[PDB]
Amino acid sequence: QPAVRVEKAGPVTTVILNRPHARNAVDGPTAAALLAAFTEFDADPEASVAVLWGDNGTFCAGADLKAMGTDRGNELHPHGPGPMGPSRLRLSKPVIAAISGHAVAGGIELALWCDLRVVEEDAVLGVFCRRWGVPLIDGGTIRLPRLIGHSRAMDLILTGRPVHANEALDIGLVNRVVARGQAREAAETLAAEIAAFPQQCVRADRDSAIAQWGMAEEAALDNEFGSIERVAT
């Protein structure tokens, strides 16, 4: 019955969202638990790669709209943590989204906060909060243009339209498409593969790819150079 649970298999930690009646929507306490799970993952020396997976046939419907306006609603912190929980956490290690069913609104934002996205053939991603007038305040306006280009990003943001798996893959919004029911396993396999590689190197390259955004090239290249030292140590 816990909204969030964590299962580990060697160096891959799977963080699991489970709110069957709420289509894995995330309220205040669920957000805090998601944040706690990723903070533990980040600090855990034995954990190399995480997987974020929604249980029971869907990924995440976004913020819990029933709970908004109540004591259980998402917390609104100007400098973070983000309303969905970990959406402003800059992890030292990668996370793979394992998406079944719907990843919409705050749920697409959690997907986008992950480093890679594995989706099932019938899954749907979208900015559905467009319909409701609830703004993207879990990084969607920053990550969508950077992940897939401003043009496509503006399409998804302005229209709020659904994006199915084949289009999602074609435009780079997701990285793998697998059969129905297979997302968790495919993501965990991918995570295990990334975890088998030399880890300080994975982390130096990842951290640089993320940090370079918004930097002038010379400055970005000076930072990238620091990876040598990271992997010597």
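Start at 1 and count along the sequence shown; that's the residue number.
Higher average CA B factor: 74-82, of the stretches 74-82 and 155-163. Relative to one another, 170-178 and 40-48 have unequal mean CA B-factors, and 40-48 is the one with the higher figure. Among the modelled residues of the chain, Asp205 sits in the lowest third by CA temperature factor in this PDB entry. Annotation for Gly133: C-alpha temperature factor in the highest third relative to the rest of the modelled chain, per the entry. When all modelled residues of the chain are sorted by CA temperature factor, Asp115 is found within the lowest third.
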